[PDB]
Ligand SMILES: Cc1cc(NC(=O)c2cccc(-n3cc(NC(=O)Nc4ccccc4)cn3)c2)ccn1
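What follows is a single chain, given as C-alpha cells, in the form deposited without this ligand.
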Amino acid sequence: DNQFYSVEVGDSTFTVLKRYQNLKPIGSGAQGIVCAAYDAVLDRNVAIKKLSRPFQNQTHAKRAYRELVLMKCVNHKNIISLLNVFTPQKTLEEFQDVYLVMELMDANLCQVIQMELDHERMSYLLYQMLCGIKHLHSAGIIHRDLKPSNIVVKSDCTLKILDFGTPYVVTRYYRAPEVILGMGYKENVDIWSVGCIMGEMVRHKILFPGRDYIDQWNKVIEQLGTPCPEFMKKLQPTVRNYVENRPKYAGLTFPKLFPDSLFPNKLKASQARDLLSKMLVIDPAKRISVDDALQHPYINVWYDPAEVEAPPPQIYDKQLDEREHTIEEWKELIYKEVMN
C-alpha cells in the first residue's frame, strides 16, 4: 500500500516500507523470519524481523510485547537497538503483522574467537562487551545466556549484544555454576560467561564442554577445583548430595590453565591471566563484579565515561513478567508501542 510494497520470501510475504530494499532471508523461526536488507533512507544495512504469529495465543502475545518494551529500555552502542518498528495494517481492527528493524552486523564471535588476536583487539572487544552488559544491568536486565553466537561484530572491530536472555553454539557451555546448579543468581552471573568467552579467545577451545549439565560441572571442577564447603551449603539437598560426593579436585593454577605460550608484553599476559582468575570463579560471592572488571588494568585502557556511565532510558519493570492479559488486550498494548 502506497508507502509499502510486498516481497515473497519463501512461503512468507514481507510487506515493508519502500525504504527497505534488497531483502533476503538470513534466519527463520519459531519466533519469526529475518531478512537482511538495505535501508535507503539511512544508507545502512539492516535486519528485518517479522514476528511469527504474535497473536496466536496469550504466550505469543505477551512475548511480543515484552521484546518491544525490553528494546525500549536500552540505548547503547554495544547493544542491538530497534531502529524502527512498523505494521503495514492501518487500524487496530486489522492489525496483524509486526516488523522489527535492527542493525545488520557482519558476524558473531564464534570464528573471531578461533583466530589469533593481539591484546588490543582482545581487550577492546571485552571492554565493549562489559560496557553493553553494564548498560543492560542498569536497565534492570540480567542476560544470563551470553555466548559467542549472541554477540555480534563488524569488520571495524565494533561489537553489539543481542538476545537479552549460524554458526550456532548451545548455551550451557557458557552458563554460570549458580545457574547449572540452580542456586539463583545476580548481576555477576554474566561475568562468568565473559570469562568463558575470554578464556576461549585465549586458546581457541571451549573451556567447559559437556554433553549435559552434569558433565559440565565435572569439566569445571577438574580445571578450577572443588568449591569450598560454605558454597556447597548454599546448594539444595538433592544437588548437594551429588556435588559433595564427587572426587575432590585441587584445581589447576591459572598460569597452568593459560600459559604464556598462548599469548603474544609479558605484562599484558599476566594481566589477562589475572582478570581470568577473577572472572572464572565458581562461587558468585567471590567473583569479580562488572564495575571492577571494567576498572581492571587489562580493560581500563579503553575507558570512556560516556560509554561506561551512560544511563539507560528506562528500567525494566519485572512486574510485567507476572502480568496476564487476553489476546486482544496484549494486541492493543503492542499496537500502541508500534504506532509510537
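Under this definition, the rigid core comprises the largest set of C-alpha atoms superposing within 1.5 Å between the forms. The numbering used is simple: start at 1 and walk along the sequence shown.
Only in words, not in the display: the form deposited with this ligand bound, which the text now covers.
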Query raised in the report: this ligand isn't shown here, but in the deposited bound form which of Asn78, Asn108, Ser123, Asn188 has a heavy atom within 4.5 Å of it?
Result: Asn108
Query raised in the report: Since exactly one of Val220, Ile141, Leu162, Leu130 fits, which has a heavy atom within 4.5 Å of this ligand in the deposited bound form?
Result: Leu162
Query raised in the report: Would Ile26 count as touching this ligand in the deposited bound form under a 4.5 Å heavy atom rule?
Result: yes
Query raised in the report: At the 4.5 Å heavy atom threshold, is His296 in contact with this ligand in the deposited bound form?
Result: no
Report task. Find out whether any non-hydrogen atom of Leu104 is located within 4.5 angstroms of this ligand in the deposited bound form, and reply yes or no. Result -> yes
Query raised in the report: Counting only non-hydrogen atoms and a 4.5 angstroms cut-off, does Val290 reach this ligand in the deposited bound form?
Result: no
Query raised in the report: With the partner left out here, if you bring back this ligand in the deposited bound form, are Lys134, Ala176 and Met279 all within 4.5 Å of it by some heavy atom?
Result: no
Query - Heavy atom contact within 4.5 Å of this ligand in the deposited bound form, the stretch among 282-290, 47-55, 268-276, 296-304 - result: 47-55
Requested in this report: Taking only heavy atoms into account, state which residues of 134-153 are within 4.5 Å of this ligand in the deposited bound form, ordered by sequence.
Outcome: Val152
Requested in this report: With the core superposed, find the residue in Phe254, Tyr124, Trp217, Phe86 that moves its CA 2 Å or more between this form and the one not shown.
Outcome: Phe86
Report task. Determine whether the C-alpha of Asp97 shifts by 2 Å or more between this form and the one not shown once the rigid core is superposed. Result -> yes
Report task. Could you tell me whether the Cα atom of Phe55 shifts by at least 2 Å between this form and the one not shown after core superposition? Result -> yes
Query raised in the report: With both forms fit on the core, has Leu275 moved 2 Å or more by CA between this form and the one not shown?
Result: no
